[PDB]
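The block underneath contains the structure these notes are about, expressed in structure tokens.
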Amino acid sequence: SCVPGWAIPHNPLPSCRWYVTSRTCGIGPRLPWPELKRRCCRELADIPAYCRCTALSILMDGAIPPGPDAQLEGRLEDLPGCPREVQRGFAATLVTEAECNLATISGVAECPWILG
């Protein structure tokens, strides 16, 4: 059920993408920092707790749902002078109490397998 379309929206956490590039790459929407976090957090919380780490993972590295067309969902790619590896590290902390502080499948605010 933790698959884009199903329990996770297609192209998930659009606002988290921008919140992450704001910080690591220095590019994003013209919205105050607190406003950028909120909107990402809000999006991550609309996802069922059990699928939160997976959503994060799809956003960091992408997912290819099967089907005739089935395009690549999510994934952080390189931006001029901002390698994908840099954005990944920060994206993995979103659930943390430092960041959105949201419980996952373990019932605790952390995604132990996400990063790498």
Item to check | Test item: Cα-centred dipole of the chain, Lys/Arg +1 and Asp/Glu -1 on Cβ, debye | outcome: 300 debye
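From the helices alone, meaning DSSP H stretches of at least four residues, give me the mean residue ellipticity at 222 nm for the chain, per-run term -39500 (n - 2.57), in deg cm²/dmol to the nearest 500.
On the way: 4 runs with 43 residues, N = 116.
Counting only the DSSP helices, I get -11000 deg cm²/dmol.
Scan the stretch 8-116 for trypsin sites (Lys or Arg not before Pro) in coil per DSSP, keeping those whose Cβ has at most 11 other Cβ atoms within 10 Å, and list them by number.
On the way: sites: 17, 23, 30, 37, 38, 39, 42, 52, 75, 84, 88; in loops: 30, 75.
Answer by residue number: 30.
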Checklist outcome for this item: If one builds a Gaussian network model of the chain from Cα atoms under 10 Å apart, the most fluctuating residue listed among 65, 14, 48 is 65
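How much length would be gained if the chain were fully extended between residue 97 and residue 71, taking 0.36 nm per residue of separation minus their Cα-Cα distance, in nm to one decimal?
Details: separation 26, 0.36 × 26 = 9.36 nm, distance 3.27 nm.
Computed gain between residue 97 and residue 71 is 6.1 nm.
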Checklist entry - In the stretch 1-91, which chymotrypsin sites (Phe, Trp or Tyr not before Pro) fall in coil by DSSP and have 12 or fewer other Cβ atoms within 10 Å? => result 6
Item to check | Relative contact order of the stretch 9-116, defined on C-alpha pairs under 8 angstrom at six or more residues apart (%) | outcome: 27 percent
Checklist entry - Suppose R0 equals 35 Å; then what is the FRET efficiency for residue 38 and residue 79 from their Cβ-Cβ distance, rounded to the nearest 0.05? => result 0.95
Checklist outcome for this item: Sorted by chain and then number, the residues having a modelled amide H within less than 5 Å of the amide H of residue 79, at least 5 places away or on another chain, are 84
Next on the checklist: Going by amide H atoms built from the backbone, whose H comes under 5 Å of the H on residue 3, apart from near neighbours?
Outcome noted: 8
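For the chain, rounded, prolate or oblate, judged on the Cα gyration tensor with a ≥ b ≥ c (square roots of eigenvalues), a/c < 1.5 rounded, else prolate if a/b > b/c? Spell out each step's value before the answer.
Details: a/c = 1.56, a/b = 1.11, b/c = 1.40.
Verdict is oblate for the chain.
Tell me which GluC sites (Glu not before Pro) from the stretch 1-101 have a DSSP coil assignment and no more than 15 other beta carbons within 10 Å of their own.
Details: sites: 35, 43, 73, 77, 85, 97, 99; in loops: 77, 97, 99.
Those that pass, being in a loop and sparsely packed, are 77, 97.
In this analysis, Cβ positions are derived from the backbone assuming ideal geometry, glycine residues included, and neighbour counts consider all displayed protein chains. A short reminder: the numbers here are calculations on the coordinates, not readings from a lab.
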